[PDB]
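**Student:** File model23.txt follows (compact mmCIF, C-alpha atoms and all ligand atoms):
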```txt
# COMPACT_ATOMS: atom_id res chain seq x y z
CA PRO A 11 -5.82 1.86 0.96
CA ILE A 12 -7.52 0.50 -2.27
CA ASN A 13 -10.20 2.75 -3.80
CA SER A 14 -12.66 0.15 -5.28
CA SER A 15 -14.01 2.76 -7.78
CA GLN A 16 -10.56 2.70 -9.52
CA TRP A 17 -10.56 -1.08 -10.24
CA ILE A 18 -12.65 -3.45 -12.38
CA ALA A 19 -12.65 -7.16 -11.34
CA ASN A 20 -13.51 -10.00 -13.81
CA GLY A 21 -13.99 -13.74 -13.27
CA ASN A 22 -12.91 -15.13 -9.89
CA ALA A 23 -11.10 -11.85 -8.90
CA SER A 24 -12.43 -9.56 -6.09
CA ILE A 25 -11.48 -6.07 -4.95
CA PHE A 26 -10.85 -5.93 -1.15
CA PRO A 27 -10.13 -2.85 1.00
CA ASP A 28 -6.39 -3.77 1.22
CA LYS A 29 -5.75 -6.08 -1.79
CA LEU A 30 -6.75 -7.27 -5.26
CA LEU A 31 -7.66 -10.97 -4.93
CA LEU A 32 -6.90 -12.75 -8.29
CA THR A 33 -7.82 -16.38 -7.34
CA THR A 34 -9.09 -18.09 -4.19
CA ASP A 35 -7.46 -21.41 -3.16
CA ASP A 36 -9.89 -23.36 -5.48
CA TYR A 37 -9.55 -25.12 -8.91
CA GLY A 38 -10.09 -23.92 -12.46
CA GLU A 39 -10.09 -20.14 -11.73
CA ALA A 40 -9.33 -17.11 -13.90
CA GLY A 41 -9.42 -13.60 -12.46
CA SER A 42 -8.40 -10.15 -13.68
CA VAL A 43 -8.44 -6.69 -12.09
CA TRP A 44 -7.84 -3.61 -14.29
CA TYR A 45 -7.13 -0.06 -13.20
CA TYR A 46 -9.88 2.26 -14.48
CA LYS A 47 -7.67 4.84 -16.29
CA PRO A 48 -5.18 3.98 -19.05
CA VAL A 49 -1.51 5.08 -18.79
CA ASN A 50 0.42 6.99 -21.46
CA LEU A 51 3.37 4.80 -22.60
CA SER A 52 5.08 7.78 -24.35
CA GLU A 53 5.92 8.60 -20.67
CA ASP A 54 7.86 6.37 -18.22
CA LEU A 55 5.85 3.91 -16.15
CA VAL A 56 6.96 2.55 -12.75
CA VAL A 57 4.69 -0.01 -10.97
CA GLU A 58 5.52 -1.52 -7.56
CA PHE A 59 3.28 -4.10 -5.89
CA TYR A 60 3.43 -6.98 -3.39
CA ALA A 61 2.53 -10.34 -4.86
CA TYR A 62 1.25 -13.35 -2.92
CA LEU A 63 1.50 -16.69 -4.80
CA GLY A 64 0.23 -19.01 -2.01
CA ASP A 65 1.62 -21.35 0.68
CA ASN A 66 1.59 -24.63 -1.33
CA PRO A 67 4.74 -25.27 -3.43
CA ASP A 68 2.82 -28.02 -5.29
CA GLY A 69 0.11 -25.41 -6.16
CA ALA A 70 -0.52 -23.34 -9.30
CA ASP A 71 -0.74 -21.43 -11.58
CA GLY A 72 0.59 -17.85 -11.12
CA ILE A 73 -0.28 -14.19 -11.83
CA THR A 74 0.60 -11.41 -14.23
CA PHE A 75 1.06 -7.72 -14.37
CA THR A 76 -0.43 -6.87 -17.81
CA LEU A 77 -0.44 -3.85 -20.07
CA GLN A 78 -3.18 -4.21 -22.71
CA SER A 79 -5.00 -1.74 -24.98
CA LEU A 80 -8.51 -3.34 -25.04
CA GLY A 81 -10.32 -2.39 -21.82
CA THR A 82 -11.42 -3.28 -18.34
CA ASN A 83 -13.50 -6.37 -19.24
CA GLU A 84 -10.61 -8.57 -20.54
CA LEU A 85 -10.00 -11.97 -18.91
CA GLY A 86 -7.62 -14.62 -20.30
CA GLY A 87 -7.56 -18.36 -19.84
CA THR A 88 -7.75 -20.49 -16.72
CA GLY A 89 -4.93 -22.71 -15.40
CA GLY A 90 -1.52 -22.23 -17.13
CA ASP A 91 -3.03 -19.24 -19.03
CA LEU A 92 -2.71 -17.33 -15.63
CA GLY A 93 -5.94 -15.31 -16.41
CA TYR A 94 -3.85 -13.70 -19.22
CA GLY A 95 -3.47 -16.17 -22.13
CA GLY A 96 -5.41 -14.89 -25.19
CA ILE A 97 -5.41 -11.14 -24.25
CA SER A 98 -3.97 -9.04 -27.13
CA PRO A 99 -2.54 -6.63 -27.83
CA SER A 100 -0.59 -6.94 -24.54
CA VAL A 101 2.74 -7.21 -22.74
CA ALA A 102 2.70 -9.15 -19.45
CA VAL A 103 5.18 -9.89 -16.68
CA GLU A 104 4.17 -13.33 -15.38
CA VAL A 105 5.04 -14.89 -12.00
CA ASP A 106 4.49 -18.54 -12.95
CA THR A 107 4.21 -21.16 -10.15
CA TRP A 108 3.55 -24.34 -12.25
CA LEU A 109 5.83 -25.81 -14.93
CA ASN A 110 3.73 -26.57 -18.05
CA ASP A 111 5.43 -28.27 -21.06
CA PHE A 112 5.33 -24.84 -22.86
CA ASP A 113 7.29 -23.25 -19.94
CA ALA A 114 10.72 -24.53 -21.11
CA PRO A 115 13.40 -23.39 -20.52
CA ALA A 116 12.11 -22.49 -17.00
CA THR A 117 12.87 -25.09 -14.26
CA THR A 118 11.25 -23.50 -11.14
CA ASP A 119 8.66 -20.84 -10.28
CA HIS A 120 9.73 -18.14 -12.77
CA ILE A 121 9.22 -14.58 -13.96
CA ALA A 122 8.96 -13.91 -17.70
CA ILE A 123 7.84 -11.35 -20.27
CA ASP A 124 4.90 -12.54 -22.45
CA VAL A 125 3.52 -10.78 -25.59
CA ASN A 126 0.02 -10.57 -27.11
CA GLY A 127 -1.44 -13.34 -24.88
CA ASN A 128 1.24 -16.01 -25.72
CA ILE A 129 2.55 -17.90 -22.61
CA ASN A 130 4.92 -20.34 -24.52
CA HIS A 131 8.46 -19.07 -23.62
CA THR A 132 10.20 -20.74 -26.64
CA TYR A 133 7.60 -19.41 -29.14
CA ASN A 134 7.88 -15.83 -27.67
CA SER A 135 11.77 -16.07 -27.75
CA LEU A 136 11.61 -17.24 -31.46
CA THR A 137 8.94 -14.62 -32.49
CA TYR A 138 9.25 -11.23 -30.66
CA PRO A 139 11.86 -12.02 -29.28
CA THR A 140 11.32 -12.03 -25.46
CA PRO A 141 14.05 -12.92 -22.91
CA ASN A 142 14.30 -16.39 -21.40
CA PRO A 143 12.27 -16.89 -18.24
CA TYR A 144 14.15 -16.29 -15.00
CA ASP A 145 14.00 -19.00 -12.30
CA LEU A 146 13.13 -17.66 -8.81
CA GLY A 147 13.12 -21.03 -6.98
CA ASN A 148 9.92 -21.58 -4.89
CA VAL A 149 7.85 -18.34 -4.36
CA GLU A 150 4.82 -20.28 -2.98
CA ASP A 151 6.24 -19.68 0.53
CA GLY A 152 3.25 -17.88 2.08
CA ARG A 153 5.18 -14.53 1.97
CA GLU A 154 4.42 -11.29 0.00
CA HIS A 155 7.10 -10.55 -2.65
CA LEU A 156 7.99 -7.05 -3.85
CA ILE A 157 7.82 -6.65 -7.68
CA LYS A 158 8.93 -3.47 -9.45
CA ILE A 159 8.38 -2.94 -13.17
CA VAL A 160 10.13 -0.05 -14.95
CA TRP A 161 9.20 1.12 -18.47
CA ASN A 162 11.56 3.85 -19.76
CA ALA A 163 9.89 5.64 -22.73
CA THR A 164 13.26 7.37 -23.55
CA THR A 165 15.48 4.21 -23.77
CA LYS A 166 12.54 1.93 -24.80
CA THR A 167 13.46 -0.59 -22.08
CA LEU A 168 11.64 -2.68 -19.47
CA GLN A 169 13.18 -3.86 -16.15
CA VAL A 170 11.62 -6.25 -13.63
CA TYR A 171 12.82 -6.51 -10.01
CA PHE A 172 11.76 -9.32 -7.66
CA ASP A 173 12.47 -8.93 -3.88
CA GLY A 174 14.89 -6.11 -4.74
CA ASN A 175 16.85 -8.17 -7.36
CA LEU A 176 16.98 -7.23 -11.10
CA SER A 177 15.49 -10.36 -12.72
CA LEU A 178 14.63 -9.43 -16.37
CA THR A 179 15.39 -6.66 -18.79
CA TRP A 180 14.13 -6.06 -22.33
CA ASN A 181 14.99 -3.56 -25.08
CA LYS A 182 11.76 -3.71 -27.15
CA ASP A 183 9.64 -0.59 -27.71
CA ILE A 184 6.40 -1.96 -26.15
CA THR A 185 4.42 0.97 -27.78
CA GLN A 186 5.13 -0.78 -31.17
CA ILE A 187 3.25 -3.83 -29.73
CA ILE A 188 0.35 -2.30 -27.78
CA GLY A 189 0.16 1.39 -28.82
CA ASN A 190 0.94 4.56 -26.84
CA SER A 191 -1.95 4.07 -24.39
CA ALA A 192 -2.79 0.99 -22.31
CA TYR A 193 -4.78 -0.27 -19.35
CA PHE A 194 -2.69 -1.89 -16.63
CA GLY A 195 -3.76 -4.52 -14.12
CA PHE A 196 -3.24 -8.03 -12.78
CA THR A 197 -4.43 -11.53 -13.64
CA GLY A 198 -4.29 -14.95 -11.95
CA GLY A 199 -5.20 -18.56 -12.78
CA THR A 200 -5.61 -21.93 -11.12
CA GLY A 201 -6.21 -25.31 -12.88
CA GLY A 202 -5.78 -28.87 -11.59
CA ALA A 203 -3.52 -27.29 -8.94
CA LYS A 204 -4.32 -24.14 -6.95
CA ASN A 205 -3.33 -21.36 -4.54
CA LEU A 206 -4.74 -18.17 -3.03
CA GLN A 207 -3.18 -15.41 -5.18
CA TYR A 208 -3.42 -11.62 -4.68
CA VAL A 209 -1.53 -8.38 -5.20
CA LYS A 210 -1.20 -5.20 -3.16
CA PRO A 211 -0.37 -2.25 -5.40
CA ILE A 212 2.09 0.16 -3.65
CA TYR A 213 3.08 2.79 -6.25
CA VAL A 214 2.18 3.65 -9.88
CA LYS A 215 3.97 6.61 -11.49
CA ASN A 216 3.36 7.61 -15.15
CA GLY A 217 5.69 10.51 -16.21
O1 LIG B 301 -3.10 -25.95 -12.29
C1 LIG B 301 -2.00 -26.63 -12.84
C2 LIG B 301 -2.27 -27.24 -14.19
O2 LIG B 301 -3.32 -28.28 -14.04
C3 LIG B 301 -3.48 -29.04 -15.19
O3 LIG B 301 -4.42 -30.00 -14.76
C4 LIG B 301 -4.11 -28.08 -16.12
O4 LIG B 301 -5.17 -27.45 -15.37
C5 LIG B 301 -3.09 -26.96 -16.50
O5 LIG B 301 -3.63 -25.94 -17.33
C6 LIG B 301 -2.62 -26.25 -15.27
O6 LIG B 301 -1.45 -25.45 -15.52
CA CA B 302 3.01 -22.32 -16.04
MN MN B 303 5.68 -19.52 -17.74
```
Could you render the structure as structure tokens?
**Tutor:**
Amino acid sequence: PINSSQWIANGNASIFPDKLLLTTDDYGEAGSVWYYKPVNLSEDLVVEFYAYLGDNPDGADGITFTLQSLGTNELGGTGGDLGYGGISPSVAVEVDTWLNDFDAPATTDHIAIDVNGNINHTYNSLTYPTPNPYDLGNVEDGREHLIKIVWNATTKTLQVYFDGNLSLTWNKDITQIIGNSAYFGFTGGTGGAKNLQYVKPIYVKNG
């Protein structure tokens, strides 16, 4: 179901016939996979994918869905950077499976909106501002989780659904951060803790 010609893998990521592998269950990884054609953010964007965050609750570090207006070679930091930290201009939806000091006020595995490659939730909330991170409890349960991301180019809003539950919303015009055109894709990291991490894209609709 994955057409490998449509995806560009960087770092420790690999394109498989049925999934986008972001990290293997090994230390110090960063992986990214970008879709080959940019989307037009003056139209709506809906992305649905299954995410797998591993089977070890004591593992790390998490994944993102990222919109960024650079290109298909971008790869952010390892570990708590989730393969995303440093990429700008960007907006990311992180699924974060390791509590770093900069993750306050999160208390569990969490989903959050990050901007321009910043993964510090207090900084982003003081600067942009982004919403607080949303605690999911443990998502390193060896199950695939359904994530749906909705950009509405009329209302200038973003919604994020996890396992069918509205988890985050945002009222910032993301085109004023990244421009009207962006690559989309996925990133993952591991550090001093680890997990197998992958996504299975289901549906992408632009307009
Ligand atoms: O992997 C979990 C964590 O491990 C620590 O040793 C560092 O690698 C952090 O960057 C990382 O978030
Ligand atoms: Ca983290
Ligand atoms: Mn986080």
**Student:** Using all atoms listed in the file for the distances, tell me which of A:57, A:214, A:92, A:125 is nearest to ligand MN 303 (chain B).
**Tutor:**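 Closest to ligand MN 303 (chain B) of all the choices is A:92.
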**Student:** Measuring between only C-alpha atoms, which one of A:164, A:130, A:175, A:79 shows the shortest distance to residue A:55?
**Tutor:** A:164
**Student:** Between atom CA of residue A:206 and atom CA of residue A:126, what distance in Å does the model show, to one decimal?
**Tutor:**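 About the pair atom CA of residue A:206 and atom CA of residue A:126: they are 25.7 Å apart.
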**Student:** Which one of A:202, A:41, A:72, A:67 sits closest to residue A:93 if you count all atoms listed in the file?
**Tutor:**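 Of A:202, A:41, A:72, A:67, the one nearest residue A:93 is A:41, counting all atoms listed in the file.
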**Student:** Neighbouring residues of residue A:118 were defined as those with any atom within 10 Å, considering all atoms listed in the file; residues of the same chain fewer than 5 positions away were excluded. Please report them as a VMD selection string.
**Tutor:** chain A and resid 106 to 109 113 143 to 149
**Student:** Which residue, A:105, A:77, A:184, A:51, has the smallest gap to ligand CA 302 (chain B) when you use only C-alpha atoms and all ligand atoms?
**Tutor:**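 Selected residue with least distance to ligand CA 302 (chain B): A:105.
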**Student:** One number please: atom CA of residue A:49 to atom CA of residue A:140, in Å, one decimal.
**Tutor:**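 Value for the atom CA of residue A:49-atom CA of residue A:140 distance: 22.4 Å.
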**Student:** List as a count of residues only the protein and nucleic acid residues lying within 7 Å of ligand LIG 301 (chain B), with all atoms listed in the file counted.
**Tutor:** 15
**Student:** Find the residue from A:74, A:216, A:98, A:190 that sits nearest to residue A:122; use only C-alpha atoms when measuring.
**Tutor:**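 With only C-alpha atoms as the atom set, the closest residue is A:74.
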**Student:** Rounded to one decimal place, report the atom CA of residue A:160-atom CA of residue A:193 distance in Å.
**Tutor:** 15.5 Å
**Student:** Find the residue from A:45, A:171, A:180, A:162 that sits nearest to residue A:142; use all atoms listed in the file when measuring.
**Tutor:**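 The closest residue to residue A:142 is A:180.
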